Structures are given as structure tokens and as C-alpha cells.
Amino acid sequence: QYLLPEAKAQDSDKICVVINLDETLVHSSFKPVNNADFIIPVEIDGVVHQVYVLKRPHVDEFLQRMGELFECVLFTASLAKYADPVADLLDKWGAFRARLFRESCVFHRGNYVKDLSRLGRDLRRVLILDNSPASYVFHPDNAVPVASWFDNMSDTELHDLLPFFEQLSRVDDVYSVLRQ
């Protein structure tokens, strides 16, 4: 059994992109944040705590365009009790065709690894967007690096990455660009 079902007919010819959440699209902490974008109550050991969520700049332009260009998949090492509410609020266009959480990761030498071989997709047509190069140790030639984001509101990386994803969305084999 693979992590993903068969791609829907409107996704089948597109490239798959697995997209990280924390420090890629949003940043959260339990330390109170003024003027947060979302606050999500998250139960931990039977006590609800408020998780304060900041949206990385340009993330709506990014998700909205990505969902057109790709079969986008949320793939995070966090628990669904936190990720699903965040994703529900972020994904205003249905970009994420599937959601994969910590239980879908592989623990490898102290690190949760997104083993792309388990998605059920030709790896010539799979990309991973993740701020943590450890997340894609088994598939470095599938990766589009992105710097970890916390609160810098001057950041523009999601904006700056789009014309490159525009190119990638049209190739037959991502390795022809990323070299493998």
C-alpha cells in the first residue's frame, strides 16, 4: 500500500509536489503572538493550549498558483490534531489534494524523513518543497530548497520560487532540471 491513492483524472498528468507546513508555509508557537493570523486550540496531555500561527508572506499567491500547476500534497511531521485545522484555514482553493502527517513519515537516525518512494508516484514527476534538508535525505534530487521562515515579514521566497515552479510544472522529468 502506498501513501497516496491513484491520482484523480484532473491530477494524473500533473507533477506531484509534497509541501511542508511548519517554517515552510507558516510558523507557530505556544508563546503568545500578537496580531496572529490564526489561533488553534491544541490539546496536549489533556490540556488545551493556544497555538499562534503566522502566515509566511505571499503564501496565498503561492498555494493558489501551486494548486493549479501541480498535484499538491501536504506532508508534515506534525500531528493532524494541529495540521488539519491549520490546513483548513490556509488552503482556500483546495490546493492540497491529500494530507500526510507524522505517522506517514519515516524515522531515520533521529530525523523524520519524507520517503518519497512511498507516495505511489513516478519519482521523475515528484517534487518536495521543505525547509529542512533532513526531511528529504533519501531524495535530494527531488527537492526545491526553501529557507526556514519564522516572522520576517520582508520575506519573499515563496514569491521568488514561483517562476521556477512554473518551469518545473511543464517538464517531463524533474531530474532534467535538478540533475539526476
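For every residue, the number given is its place in the sequence shown, counted from 1.
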For 61-69 versus 109-117, entry-based mean Cα B-factors point to 109-117
Mean B factor on CA atoms, stretches 45-53 and 32-40, record says higher is 45-53
Comparing C-alpha B-factors across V18, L168, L21, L158 in this entry, the winner is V18
In terms of its chain's C-alpha B-factors, the third that includes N131 is the lowest
Entry-reported C-alpha B-factor of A147 relative to its chain, by third, is highest
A83: C-alpha B-factor third of its chain, per the entry, is the highest
Here the Cα B-factor of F101, set against its chain, lands in the third termed highest
Split the chain's modelled residues into thirds by Cα B-factor; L74 lands in the lowest
